[PDB]
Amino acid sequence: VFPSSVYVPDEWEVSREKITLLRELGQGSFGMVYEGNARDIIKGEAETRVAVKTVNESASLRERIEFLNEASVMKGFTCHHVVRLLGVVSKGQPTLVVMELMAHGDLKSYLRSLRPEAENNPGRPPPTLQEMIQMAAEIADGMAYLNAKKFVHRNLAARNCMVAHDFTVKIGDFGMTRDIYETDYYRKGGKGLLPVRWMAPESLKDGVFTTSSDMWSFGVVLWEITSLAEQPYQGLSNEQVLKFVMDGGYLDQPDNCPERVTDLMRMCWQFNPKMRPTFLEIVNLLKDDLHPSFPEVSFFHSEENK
């Protein structure tokens, strides 16, 4: 077993000299993610703010090929609520994957910054009911798009939902790579790293992942939004969580949680996966209470939603 390189240097290939790196944004799958700038990569923009991923020096040849294969798959996505590919630098080392910049970073750190006693609070109130419903619809729209494309996320969490400059939330990294230093994972002997606190009971039991188990995870992201990204099942160990959820347990509603969001979570956490809503059903439920631009950009209102 060894992967074939599927990446074709085509219209997505960007000259290395067009990319300038500004600062580190943090380790992602394969390597470091940087904030940068890209010259003449989008028609009508002389310079575009970008996120740039490099592949680490410690990576095997197989990992370097897999990195580019992941970028090649992204060429097929055009959803406003999924972080997009902008270009690839495959000529020489280090290989670079250029993506749209999500200027407010991951949803987990963004939510934690809005806590009243947070040292990095930006002087704005925590999410309003309207803002939380908007986030829910955006995440659900991106997930509905991925489902239509036959992708099961398997790792949906606030840590990998991303926030743009205008506060739009989008689906970030849905790859299979699991960071060994991420406490959101549990090392299960002979099962690898598992995001147990975000997993559906059937996934914990049988190892099955479907769009219905992604809906369970979506309910947990709603819980992170309404708790300002508290750790789910705080006080319970990974083993205690596995038993609790498999037995039919689910998260307590955070203090003074809005009723509409509590209702959404409860739907996501039905024990029978067939009773959970679909991501298209989530967007349909929330569509009348969204920003006026939503139908112009959503997968839900697009001609592709068939």
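For every residue, the number given is its place in the sequence shown, counted from 1.
Per-stretch averaging of Cα B factors for 102-110 and 182-190 places 182-190 on top. As the entry records it, the average C-alpha temperature factor is higher for 87-95, out of 150-158 and 87-95. By the numbers in the PDB entry, the CA B factor is greatest at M176 among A140, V221, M176, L129. Set against one another, the Cα B-factors of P125, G76, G172, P201 in the record reach their highest point at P125. In the deposited entry, the Cα temperature factor of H165 places it in the middle third of its chain's modelled residues. Ranked by C-alpha B-factor against the other modelled residues of its chain, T278 falls in the lowest third. Ranked within its chain, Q234 lands in the highest third, by CA B factor from the PDB record. Among all modelled residues in this chain, the alpha-carbon of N256 has a temperature factor (C-alpha) in the highest third. Compared with the other modelled residues of the chain, the Cα B-factor recorded for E24 ranks in the lowest third.
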